[PDB]
Each structure stands twice: as C-alpha cells, then as structure tokens.
Amino acid sequence: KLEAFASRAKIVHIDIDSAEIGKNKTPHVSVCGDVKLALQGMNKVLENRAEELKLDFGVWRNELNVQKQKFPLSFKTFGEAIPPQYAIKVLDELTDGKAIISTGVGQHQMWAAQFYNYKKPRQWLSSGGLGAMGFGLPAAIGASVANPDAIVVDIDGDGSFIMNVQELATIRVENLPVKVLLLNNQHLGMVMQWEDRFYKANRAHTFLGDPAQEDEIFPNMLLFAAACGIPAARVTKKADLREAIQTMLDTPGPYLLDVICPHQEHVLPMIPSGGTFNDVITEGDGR
Amino acid sequence: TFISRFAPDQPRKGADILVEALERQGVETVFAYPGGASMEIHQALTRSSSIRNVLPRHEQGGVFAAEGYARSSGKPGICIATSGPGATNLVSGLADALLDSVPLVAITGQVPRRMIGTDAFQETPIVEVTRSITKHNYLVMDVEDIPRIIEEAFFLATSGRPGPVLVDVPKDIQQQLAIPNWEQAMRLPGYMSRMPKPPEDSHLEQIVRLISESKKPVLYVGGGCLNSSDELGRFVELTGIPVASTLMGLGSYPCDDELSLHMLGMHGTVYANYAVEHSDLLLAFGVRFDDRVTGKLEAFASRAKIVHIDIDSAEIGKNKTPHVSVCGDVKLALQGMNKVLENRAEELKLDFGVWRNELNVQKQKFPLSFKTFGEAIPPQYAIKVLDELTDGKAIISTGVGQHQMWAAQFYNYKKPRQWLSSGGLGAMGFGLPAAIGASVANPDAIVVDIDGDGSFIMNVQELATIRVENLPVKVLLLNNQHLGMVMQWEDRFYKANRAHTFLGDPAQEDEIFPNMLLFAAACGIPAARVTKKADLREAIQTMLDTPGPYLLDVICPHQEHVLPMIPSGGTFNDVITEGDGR
Amino acid sequence: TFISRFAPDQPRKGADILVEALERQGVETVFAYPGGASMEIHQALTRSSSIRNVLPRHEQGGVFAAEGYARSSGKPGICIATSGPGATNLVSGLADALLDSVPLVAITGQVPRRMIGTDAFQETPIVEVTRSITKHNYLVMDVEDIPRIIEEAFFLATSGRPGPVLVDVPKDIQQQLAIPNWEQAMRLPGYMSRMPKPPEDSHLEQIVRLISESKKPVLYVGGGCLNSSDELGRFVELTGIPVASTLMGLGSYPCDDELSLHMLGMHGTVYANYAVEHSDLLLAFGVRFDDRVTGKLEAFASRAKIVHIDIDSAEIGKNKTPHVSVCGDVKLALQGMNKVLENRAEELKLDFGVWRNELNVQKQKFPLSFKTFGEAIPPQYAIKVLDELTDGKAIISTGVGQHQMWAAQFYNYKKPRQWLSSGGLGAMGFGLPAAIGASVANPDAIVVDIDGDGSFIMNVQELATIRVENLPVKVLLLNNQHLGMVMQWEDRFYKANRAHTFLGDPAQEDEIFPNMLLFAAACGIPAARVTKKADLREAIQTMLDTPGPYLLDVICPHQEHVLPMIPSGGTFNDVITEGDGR
Ligand SMILES: Cc1cc2nc3c(=O)[nH]c(=O)nc-3n(C[C@H](O)[C@H](O)[C@H](O)COP(=O)(O)OP(=O)(O)OC[C@H]3O[C@@H](n4cnc5c(N)ncnc54)[C@H](O)[C@@H]3O)c2cc1C
Ligand SMILES: Cc1cc2nc3c(=O)[nH]c(=O)nc-3n(C[C@H](O)[C@H](O)[C@H](O)COP(=O)(O)OP(=O)(O)OC[C@H]3O[C@@H](n4cnc5c(N)ncnc54)[C@H](O)[C@@H]3O)c2cc1C
Ligand SMILES: Cc1ncc(C[n+]2c([C@@](C)(O)OO)sc(CCOP(=O)(O)OP(=O)(O)O)c2C)c(N)n1
Ligand SMILES: Cc1ncc(C[n+]2c([C@@](C)(O)OO)sc(CCOP(=O)(O)OP(=O)(O)O)c2C)c(N)n1
Ligand SMILES: Cc1ncc(C[n+]2c([C@@](C)(O)OO)sc(CCOP(=O)(O)OP(=O)(O)O)c2C)c(N)n1
Ligand SMILES: COc1nc(C)nc(NC(=O)NS(=O)(=O)c2ccccc2OCCCl)n1
Ligand SMILES: COc1nc(C)nc(NC(=O)NS(=O)(=O)c2ccccc2OCCCl)n1
Ligand SMILES: [Mg+2]
Ligand SMILES: [Mg+2]
Ligand SMILES: [Mg+2]
Ligand SMILES: [Mg+2]
Ligand SMILES: [Mg+2]
Ligand SMILES: [Mg+2]
C-alpha cells in the first residue's frame, strides 16, 4: 500500500528516468541523474565535512539489529527431506558466494534471492518485473558465454526449467559449463502457495507430475539431460546433498542436479499484495 | 433534487437522454451549430427549458466561445457540432483547451454506427483525429452508455488538471428509445486512484522552512492559481514575497499591487525576469516551465532552490528539475502553508525588505515604456486608457500577437478570469468568440475584446452572433494593418524583409483595409474609428457608454515593437530593451 | 532543364531547399499564411521569382483555395501554414480533399526537433492528428530528406487515387544549411509495386460483350472520369448508352446533351434514378457507390450486371459487389474499349433506342421543376439565368446545402472541372476560397461562387483576399436567411420545428440579416441586392459585366425544398417529388 510505505520518512529519490520520479510515491527531494555521479559527489561532501557532520546512527542500527535477531530468515528441516533454502545455502558455501546465479520464477527464485549472499552486482540474473518462467536456463547460457571462467548456476524450478528445456542441446553443443540446481517440488510452487493461503488449498492445475503415478518424480529431468549428453544426478536425502552439489561443481562442463524438495514449503515472510507491514505473515506452510 | 421532463419509466430518444444528462450536470448554456448528424440533439435542446443555445456562425467560433465561457467562469464550456466538417471545425479549439488546461466538453454527432468506417456521408474519424489533442474522448456505441459517459466527460474535464473531453454520438444512438439509468457508476478506476491527495504537513513544513532560510524568494504563479486568489493573497501577506506571473496566471495576484512584479518571460518585465534570475528560492505554483517563460532552461533560476507545486505529476520535473515538489492542489497547499506561517509568525520573523528594495530599484530603472509619436495613437496607451475608464474591472479577451502582449502588459487585472487569452497554442481568432462566451457567462460584466486586425478578421463572422444574441461585447481593435508579431521578428532577425505580413491593400497602400466599421455595420453593430491620440479617450468612453455591442477601430503606427524581448532560447543577459521598426 | 538560384555546391537553408523542391515540381502558386514556425519558408518564398503566394485571411481559406486551384486545373494545390493553430486550421480541408480525392500538398512549420513532445510553444502533433484524414503524411527529421520527401509527397498526391499529403517541417530543419541532392530515389516500393497496370484486353473484351448482350444499359460516371472527357464522349457515341452522373462527376459528360440523364442519387432526377433502378447493365466508371447515390444498397441496381472500373482496388466491392471488375485508370479502359467498339461496329450492331425511348418518357413525365411565387426569385431560376448569361462556360464553386443542389441541378456544365463542390465531407465555407483558387489557376475564366448565406459567412474574411489579389470572383449569393438543407429536413421529418436554423435577427425578423453588401463594401468589392424576379436578369448581367469582383445578394423565399428527394437509406419507390415548407 503506497500510502503506508515509508509513511513517516523524508523520501530522496535519485533516478536517471525523469518519468519515474513521483510516479507512484511522491518524494521530498529528487535528483534526475546517474546515481553513480550523485554518489561520487555526495562522497566528496561527506569526506570533507566528516569531522563537521559527525554522523552516527548506531542507535538506529542497534534498533534494527534487534529486529534482525528476533525475526531472521528461517526454514524448517523435516526428517531427511531436503529444505530448498538449505540447498541454496550449501551452494553459497561451496561456491564461496562467487557464482553467477540465474533463476526461473516462483518459490525457488525467492529462496535463491534470500539464501545466497551475492557479493557483487551482476551475479544475480533474475526476471523481476515481468517475472517470466523459463528465463533461468537460457540466461545462464548467455552469462557463461559472457563469463567463460565463472561458476554459472541456474537455480531453476521444475515448471520453469521444462519451459525452455530445449536449450540443454545448446549448452552441450556450445560446451558451456552451466550447472543446473533444479529445486524440484513437482508443483507450480508460488501459485500453489497462494492456493494454500487464500483458496483453502484447492488445487487448480498446479501439480506438474503424473496423477496416475502420483508418488513418482515426473518428468524425469535426468533423462532430459541425458538426451543432450549432459551428466546428471538426483538427490533426495539431506545428508547426500552436500556431496551431490560438490560433485556438480567439480564435474567439468555442464551438470544437472535434480534436488527433490517437499512441496509444502512456503516462501516467508509474506506481506500480502497491497498490504502494510502490520499484515506481514511470518509463519505457516502447506502442512 | 432534479426534476426530469420525462417519467422514470418513460422511454425517450437518446438525444433527450443526452440533453437531460447535461441538465443534471447544471449546464445552462451550450454553443451548438446544427447539421444532419446532430439534428436529433438540436430537437432535444428546444425541448429543454433550462438550457439555452447560442448559435455561432462557425464551429470554431462555437468552441472558442465555450472556452471563453469556461475561462471566465470556472464552469465547463459546452460546444456541439455535427459530424464531418462540423467536427473538424472544432479541432483548433480542442487543441487550444488542452494546451491551456481549460475545462471543455465537446459533443459531435456521428454517422450511424453501422456506417462507421465505410467513408459515409460527412464521416470523419474524429475520435482518432482528436485523441492527441484532448484530455480524453469517447465514441458512444450504445444508448445505455449516455448517462455514464456524459458524467465521466464532465468529471474528467473539470477534475485534476482541467481539459477538453470530446463525446462522439452516432445518429442512430440519438434516435434509439431507452430508459436512462442515472445511478451508473463511473468507470475511471485508474484515473480516480491517481488523483492527488491533500498535501501532507511533511512537505508543507519543509517549504515554510526553505522560505525562512532564503533571502531572495520569488513567487512564480501561473494558470494553476486561478482558483487560489484569496489563498495566494494571504500567502503574500504572511511572507512578503514578490509575485511574478505567467501569461496564464495574470490576475491571480493583483497587478496594481506593491509586491507585483507583473509578467515574466520572453516579453516579461525586466524586473520580473531579474528577480527570477537572481533568486535563491523559486516558488513555482501552478506553472509548467514553458519555453516562453524560461528561455534557456539551464540559465533559468540558475541559483535558486526550486519548489514546484503542481496537480499533474507529469509536469513535475518535465523541463526544470525541482529541489522540493508537491503533487496536489495549490489551493490546499497554500491553505496549509498559511496556517503554519500564521502560527510561527513571531518565531519565523520573515522580512525580505532588502530583496524587495533591490527589485524596486530595477522596477524604477527599467519599467515598461512606450513612445508617443506626434498625434499617432500608441497601442500601449489605448489599453491604459481602457484600464482607467473601466477601473480595471473589465473581462478582457484577446487575439494573438503584439496587441495580446500589450493587453497583458498595460492592463491591471485585479482578479483571475478577467484575462482570457490563448497562451499555449496561441490561436488567432480567439478573442471575439471568447468574448461571446464570457459575456453569456457574465451578462452584467464589461467585456472587451482587445483584438488585432489579423486575428479579428479570422472569426469576423461572429459579429452576427453578437448582434443576434444582443451581447454587450466591446471590441477594442488595435489596427496596425500588419501581422504585427511576425512583422516584429522580420524587423529584428530578417532585416525587415516583409514576407506576407501586410494585411492592407497594396494598390491603395495608405488606406485602412479592410474597413472594419463596415463589418460591424453589416451586423448592425455601432462602430467608430479613431486616429488622433487626443480623440482616443472620448472614443473609448463612447464605446463603453453606448449600450450593447460596439467596435472601436483604433489606428496605430505599425512600427511599434513589443518590449522587452528575450530572444527564443536566450538568457536574461540577452534581453532586448529598445528599438522598433523605425 | 531546371535553373537553380544557387550553385550546385553552395549550401542554402532548408527552407530554400524546400522552395526549390516546389519549383522543380512546377509549382507556380502557393497559399501560405505566415507564423513563427514557418517564417523561414516565407522568407525563402520571397526569394523565388517563379512562385507566387496568395495570402489568405484564414488557413482554412488557404487549404480550400488550394482545393479550388486543384479541382479546377488538375494540378496539385499547395497550402502552407505555421505550427499549432495554423496547422489545426488546415484540418477541414485535409479531410475534404481526402474524401473527394483532390490532389493536395500541405506544408506545416513545426517547432524545433528537440522541442517535439515537450508541449512547446504552438506545438501540435499534426502528423498524429491528420494521419487518418490524409493519404499520407511526413515528419521531416533531417534537412537531407527534403528533396526526397517533397518529391514523394507530390507523387503520392497526384498518382493513383489522388489525395492530400501533409509534410511537417521543424523550424531548425528550415534554418540548417545543406547542399541538396535532387537525384535521390523515392522510397515507395510497396506503393509503386501495387500501382494498377494498363487494363488487359481480357477484361475489356468481356465488358464490350456484356454491352452487346444487354438491353437496358446505364452509364454511372463519377469523379474518377474528370480526365476522361474525350474518351467517355467517344464511348457514348459508339454505344448510345445514357449517362447518369454523380455530384463529383458533373461535366464529365455534357449536361445539355441528348443522352444525359443528369445527376442520380438522393437529389438526382427521377429519370436517372429510374434508369439505374431498371437497368440490366450498370457501367460504374470512376464511382464509389456512396450512400447518397445508392440509398439502400440491396435495392440499388437490383437487377443489373454491375461493371465497376476503379483505380483503387479497395473500392471494388466495398459496398456493392460487382459482377465484372477492372482495377485501373478508366481513361485507359475507355480507350481500349473504344478500339474494340470501333472495329466490331458492324458486327456488334448496338442499338438501345428502345431503352432510351423508355427513359425519355420518364424524362418528360418527371423533369426537374420549380415554382414561381409572385415576384419572389426562385433560386433554381437564378441559376438557370446565370447558365444562360455565361453560356454554360463558367467555373462554378458552391457552399453546402440547398443552393449546392440547385447549382448542380440547374447549371449545364459542359466540361469537367467547371464544377467545384465539396461532396464527400460537404464542408460549408468551401465556395468562396475555392473560387479564389480557381480564379488564380484560370485567370481568364468566369468564376462564380454560388453560395448560401450560412456557408458564405463562415469564410467571409476571404473577401479581403479577393480584393487584394484583384481576382474577378463573382458571388451569386442565394440568400434564404436559413440553414436551408437542415431546415428542409425539419419540415419533412420534425414537423417544421425550428432548431437553430434561422440565420437572421429575430428582433427584426423581416430584415435581411446580416447585410452581406456591407461585408463586400468593407473589402472594397462592388455589390448589389436583388429581390424582384423581374430585376434578376439585369442584376446578374451587371455582376458579369462589372470588371473584377462582385457580390450579388439574391433574396429567395426560404420555403423552397430541393426536389426530388429519396430519403436516406430509401429506395426508388420512396422518392419524394412534391411539397415544400409552405
Ligand atoms: C505571442 C505569445 C507570447 C507569449 N509570451 C509569454 C511571455 O513573455 N510570458 C509568459 O508567461 N507567457 C507567454 N506566453 C504564454 C505561453 O506560451 C504559455 O501559455 C504560458 O507561459 C504558460 O502558462 P503557465 O506556466 O502558468 O502554465 P498553464 O498553461 O497555465 O498550466 C497550468 C499549470 O498548473 C497546473 N495546475 C493546474 N491546476 C492546478 C492546481 N489546482 N494546483 C496546482 N497546479 C495546477 C497544470 O498541471 C499546469 O502544469 C506567450 C504566448 C503567446 C501566444
Ligand atoms: C448536401 C449534399 C447532397 C448530396 N447528394 C448527392 C446526390 O443526390 N447525388 C450524388 O451523386 N451525390 C450527392 N452528394 C455528393 C456525395 O456525398 C459524394 O461526394 C458523391 O456522391 C460521390 O461521388 P463519386 O461516386 O463519383 O466518387 P468520388 O468521391 O468522386 O471518388 C472517385 C472514385 O473514382 C475512383 N477513381 C479516381 N480516379 C480514377 C481513375 N483515373 N480511373 C478509375 N477510377 C478512378 C476513386 O478511387 C474513387 O472510387 C451530395 C453531397 C452533399 C454535400
Ligand atoms: C511464463 C509464465 N507463466 C506463468 C507464470 C505464473 N507463475 C508465477 C508467478 C509468481 O509469476 O505468478 O504470477 S510462479 C509460477 C510457478 C513456478 O513454477 P516453478 O518453476 O516450478 O517454481 P516454484 O519453485 O515451484 O514456485 C507460475 C505458474 C509466470 N511467472 N511465467
Ligand atoms: C491561427 C494562427 N495563424 C498564424 C499564427 C502566427 N502568428 C503569431 C504567432 C506569434 O503565434 O507566431 O507563431 S501572431 C500573428 C500575427 C497577429 O496578427 P494580429 O492579429 O493583427 O496581431 P498584431 O497586434 O498585429 O501582432 C501570426 C500570423 C497564429 N498565432 N495563429
Ligand atoms: C461546416 C459545416 N457545418 C454544418 C454543416 C451541416 N449542414 C448541411 C448538411 C447538408 O451537410 O447537413 O449535414 S447544409 C447546412 C446549412 C447550409 O446553409 P446555407 O449555406 O445557407 O445553404 P442553404 O442553401 O440555405 O441550404 C448545414 C448547417 C455542414 N455541411 N458543414
Ligand atoms: C443532404 O443529405 C442530408 N441532409 C441533411 C440535412 N440531413 C441528412 N441526414 C442523414 O443523412 N442522416 S442518416 O440517414 O442517418 C446518414 C446516413 C449515411 C451517412 C450519414 C448519415 O447522416 C450523417 C450525415 Cl447527414 N442528410
Ligand atoms: C512570440 O514568440 C514568437 N513570435 C514569433 C513571431 N516567432 C517566434 N519564433 C520562435 O519562437 N522560434 S523557436 O525559437 O525556434 C521556438 C522555440 C520553442 C517553441 C517553438 C518555437 O517556434 C515555433 C513557434 Cl513560434 N516566437
Ligand atoms: Mg539445516
Ligand atoms: Mg516448482
Ligand atoms: Mg502618453
Ligand atoms: Mg495586426
Ligand atoms: Mg420562370
Ligand atoms: Mg441558407
């Protein structure tokens, strides 16, 4: 809700597009220009008047670090099932936060944003405004061609990954070292989450598996990779996840890791669409 | 409680539904010229007892009269035309109303729905033609939509930033019988959700703060302040900030006032442009930073903190980038700031007498000046005499050109909506039909069209309208036998090489041509010509004292130049203060 | 071999490149009204010795004069206006030229390129406004494109189905110096590849075959035949087929001819509409089957084999579905068919004397008729007298309304391009400026504007143009004090309830208002009024014999009705043959 967003703040908006300044939120101070130059100019002023300004927000930072410890990002581990949040944390660790990450769209996209510590811009390649499923695999192709010495991982969902699965042939033929971390929950997860919250878990065409063999992983993404000569593996037990990701990273060239996840996971926290901070949802899932 | 002329269960023609839709909006006057596609609407108008039609002699006269009606009253002006050639004759007025933010509802008859797209008789795709020169437009495709669309048209034309809305009505919809539903909700969810909210105290406090920290503040007021006369006046009392006005803002703050810097811009006063040039705080209230005012944008108020209050979010930062901005009604922002200024009066201790004194020095060194040659009538002097003899209380409409500038410079408008002039589009021929609409809207007022000879002849046919409607319209015709403003640019920038700016007869070069007195005589309008400056005062007095319409042909030497002049795209250092075509 | 005023390696302003581009097209006359955005073009015009400018008093007068120039000569008419309010004043003429297929090139000044889209001074997005009412338009974005775009504009305006093309020229492009390249190829590959080819003998043989097999053939000729006068005449000799003409086609076949059925349609003769109603072969040459002509489409030529020859493939089968169709120039189709008809003359043995005799029976039972009341002047009679005293050799322009119909019915045009009338859009105010353009194009011709009092006053300001340019324009003003055609529909369909159709002064109801003689006097144009039918013949003779311009105010009883009348969308069985407003 725009009226509730930063309701008691003086809003400084620096944007290179004059049409964005005051489009939704009306600022108090505005600068139409390159934020790179504005930062450089402000850094000079801040450095000169350093002893004069005496800036210290430790009281504000401490008030926030209290919220940071009371309400951190959290996930639950059920038996030996693989938490998707945990899989991304392991990838972050084993790649030292230096991987280029592309994603599809949905729950896995949010978890890839929440649980990976990107150290530099342009490590994060994700469709935000349009939010187009099927972006992750071809985007990783372009990132790898542009950065042939980088670790490139497509953190994809099973719905998003199959939309442009044909680009596996491109990856093999171009011999691109694209890694696929497929968070497979057998569902259109983000739409499933909204079904659980707002439609009493009534499923309206969000299950992506085969209802005849309901407990079978469908489709078999390993055979999609095999069809294009791309080595692949599936992991289901949380104990096996660390070595599986390590194998994906150590194996030269392309690799697909099918990471089976319980579908009842929910992306948290969640402020409902058009809501305020007082409406934030901090607990619950599809169980 | 509205009283319909039909039973709530009685079917009537769509044309009758449309006329009652106008009645329910409070419409009392329309400017409608009949044709085949709108005959039904005209029949329904004769059945209305509360709506009067003023029949113009040209639909461009109709739309310009609707503009004058609107500009002089704050109410929406309503013009009606038939399809095809009637609709296309509205186009200049639609564009004029959009560029000047004038509330206008234009209704056009259209060919029957099934004929649309077939190159039918008198068919024009007017919705397509006018989409870029209207705030919004409609093609009514069912008689059931008439109540809703008419209501949305008036709402869109008058709310937010005002503008023209065109409603295209196929003839078969006018004839179809139906029972109207006056309770339909409007379908403007996006527009209504983006309407500006009342200004927050957060933004209003910061402005009052910037005022107390500034030493050279200048008010920069425009057409957006036409409904904030009282609030702006109270704001000037509490701050003592000098007021510079745009062409569209004239009269929002009284011109004959001590703090008035008068008009700024290309032909603004030297001291108004000086104030803005050297200001440290520019309060831009209801303005759009157009090129006539700013010149070179980078040089305009180059050392000022710019506060821009505008009801249109798209105008904020469009040409000049402000430091502080408020998207809202300037009337409410002034009210909120006046409360803060009144409470913290003894705390703020606002005094800009040092700045005002620096400006009053420029005001006395470089005032508006004109030269008197023998017994020839200075046009500037004629307008000053009109100001005196009318006590600055006349409604003034103008054409476009030199006379328009002199009418802005040398008449002290005391209230907004006395000044009716085409500023953004600058359409010649506006003055006479605009005076028609202003007089119909203000039947007890003194209404004077200060027109040029080129502009006056473009819509001279509306003299018949003035006589037939018995409107007391006065015409002060500043006759220089030339397209004066274009002539002035020929003198300055093209070595006085004349390229089709002389409007007289080259065979009888020293004869006043045409004879505008006979145009007035043709329409039974008393008229006179004055040439000697000594006779001018009595001639204007005769025009004012003679009841009903009157045309005064005021002969002027054509070599006059509007001064001062900042060349297009120039800076304050480029201002031209002397010279003419002699 | 063209002779430039500049060296082939000498840079000149874009405005000079544009004027020379006009010179290289053979342009001799333009109708240009100056403003800020087109000052450079006007300066460059004074430097041309081969191009003359006729300064109108309103840009609508400018474009309508360009139309009259084009309609009366077969050459393209050229009008020029400034940006904003100048450009929007062209709009009615652009739409008029598109609906009537008149070749026209309109040039508008525009704000500098960098100002476009910023709501600059006098900015109108005229290319967007006029896209749907022009054949094509351009926004010139570089001075290098001026030669190519001007050449394409003239080519598009004059080739194929003629129409108006607008060229928008930003002011900075007019000032930029450049060396023009006059050898650039046009970029119209799609348009040029779809231009109709010469008609194949395959299609022409089939038509001549259908003629020999038919017993009731009717020629249905329109505006597309204006350049086929000789070929159509030869075609009628070889076939003996009677000729029915549209409003736009009048004069293609001589009206005072034995085989002439005169005009068909809503106000066409009973015998012309009869012929089409009962024909078995309809030769539709250069027509577009508009609703005024056809009425109810299913009933129009319901038992006829329809041959449609049109240069625009989009018109073939648009409203009426033909049996045989030829997409090409009707001039060439007539030439090809004339060869076949001349060779197989003795073989074909064409004789439609039985059909012609059946039509000549209708021609004598139901001819065009008018009634004489006392000494009041019948408008129909006034036009017949003008026809006699000018020997049918005058160029006739008209306004729109009853007088327009009577000018079509009661004048025997011997050649095409004597008839200049707004048919598709039907724009009032066309007659006077169109006569200006026709007289400039034909300075030795008798040019008469047969105008109505409503139409004449709309562009009355062009009387100043006529005097200043010393054009021998005659005005035959059929003054009925009403918007006559709308009044007629009030009488027929609204029980004579008047809805704003009276143009006089209701305070002095029996006085002729306005006094059009004083409009003419204001512009130094000799004038007279005639009221008694006995005086009419000498009055018209005086108008013709008096050198230079002349206005004749012909007072007519307003209760006249144009007859016959087939109601809109009706059939031949619905034709109204009697009655008026008495
Ligand atoms: C020959 C000629 C010469 C000219 N020379 C000059 C000149 O020397 N000086 C000059 O000033 N003009 C001149 N002009 C006039 C000119 O081109 C513009 O029309 C004028 O400068 C713009 O007026 P404005 O800035 O007040 O904006 P406007 O056209 O009046 O628009 C009003 C602005 O206020 C906003 N607004 C409307 N309502 C509200 C509200 N309730 N609250 C807050 N904001 C609101 C609108 O969104 C818009 O931004 C000239 C015109 C002509 C024809
Ligand atoms: C008040 C009023 C009343 C009217 N009533 C009538 C009426 O009773 N009767 C009447 O006829 N009109 C009447 N009209 C005029 C009318 O509305 C149309 O303008 C007219 O009927 C159409 O003329 P047209 O069929 O010849 O087509 P045009 O508008 O003249 O177009 C020409 C056609 O020929 C084609 N063409 C052009 N050049 C060539 C070529 N070289 N070779 C082949 N084809 C070519 C074009 O593609 C187009 O299809 C009236 C107008 C008004 C204002
Ligand atoms: C081309 C396209 N079609 C449909 C979309 C509508 N959406 C989504 C959303 C949020 O945009 O809803 O609007 S997300 C989503 C389901 C994502 O399936 P997953 O890839 O398996 O990922 P997960 O980890 O399980 O959640 C759908 C169907 C979309 N964005 N793109
Ligand atoms: C429909 C229209 N056509 C042409 C215009 C271009 N302009 C002008 C301008 C400033 O807009 O230049 O751009 S002003 C002008 C001439 C005014 O003749 P006057 O009425 O006699 O007044 P004055 O006191 O003598 O100066 C022309 C031709 C215009 N604006 N509107
Ligand atoms: C710009 C314009 N505005 C209105 C028009 C609508 N019409 C007409 C029509 C047939 O097009 O009806 O659709 S004709 C007409 C009245 C003509 O008045 P007159 O000139 O005196 O001629 P008369 O000999 O008396 O009949 C009007 C109002 C029009 N066509 N053009
Ligand atoms: C001289 O013809 C004439 N005159 C007058 C005074 N009025 C009308 N009216 C009329 O034609 N009505 S219509 O059937 O619905 C209609 C049908 C088709 C195309 C258009 C159209 O109308 C819109 C423009 Cl008139 N016609
Ligand atoms: C009274 O102002 C005036 N008068 C006259 C007679 N001429 C000019 N000319 C002029 O302003 N030229 S411009 O710099 O390129 C220009 C700049 C910005 C917007 C428009 C524009 O021009 C197009 C419309 Cl005039 N101005
Ligand atoms: Mg864990
Ligand atoms: Mg999924
Ligand atoms: Mg004096
Ligand atoms: Mg003048
Ligand atoms: Mg007789
Ligand atoms: Mg009339």
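Letters A, B, ... are given to chains in the order of the sequence lines, protein chains preceding strands, and every chain is numbered from 1. The figures here come from the full heavy-atom set of this structure, side chains too, leaving out hydrogens, waters and symmetry mates.
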Review point. Relative to each other, are the rings of B/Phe519 and C/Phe519 parallel, tilted or perpendicular (30° and 60° limits)?
Key: tilted
Exercise for review: Answer yes or no: is there a side-chain heavy-atom contact under 4.5 Å between B/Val460 and C/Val460?
Suggested key: yes
Rounded to the nearest 0.5 Å, the CD atom of C/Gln122 sits from the CG atom of B/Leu425 at a distance of 6.5 Å
- Task: Indicate whether the side chain of B/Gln60 and that of C/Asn89 have a donor and an acceptor atom separated by less than 3.5 Å.
- Result: yes
The interface call for C/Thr124 against chain B, heavy-atom contacts under 4.5 Å, is side chain
Cut-off 4.5 Å, heavy atoms of chain C, and the answer for B/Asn497 is both
Okay, C/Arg288 and chain B: the region with an atom under 4.5 Å from a heavy atom over there is side chain
Highest number of heavy-atom pairs under 4.5 Å with chain C among B/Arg131, B/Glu490, B/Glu123, B/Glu462 belongs to B/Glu490
Okay, B/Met115 and chain C: the region with an atom under 4.5 Å from a heavy atom over there is side chain
key: Side-chain heavy-atom pair B/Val468, C/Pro506 within 4.5 angstrom cut-off   = yes
Q: Flag the pair B/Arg467 / C/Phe513 as yes when at least one side-chain heavy-atom distance between them is below 4.5 Å, and no otherwise.
A: yes
Margin query: Taking the side chain as everything from C-beta on, heavy atoms only, tell me whether B/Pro125 gets closer than 4.5 Å to C/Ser132.
Written below: yes
If one checks every heavy atom of B/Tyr33 against chain C at 4.5 Å, the contacting part turns out to be side chain
The interface call for B/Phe456 against chain C, heavy-atom contacts under 4.5 Å, is neither
For B/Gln461 and C/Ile457, the nearest pair of non-hydrogen atoms, with its separation, is CB-O, 3.1 Å
CG of B/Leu55 to CG of C/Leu483, rounded to nearest 0.5 Å, is 6.5 Å
Taking every heavy atom of B/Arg57 against every heavy atom of C/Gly504, the minimum-distance pair comes out as NH2-O, 4.1 Å
Under 4.5 Å to a heavy atom of chain B? For C/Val129 that would be both
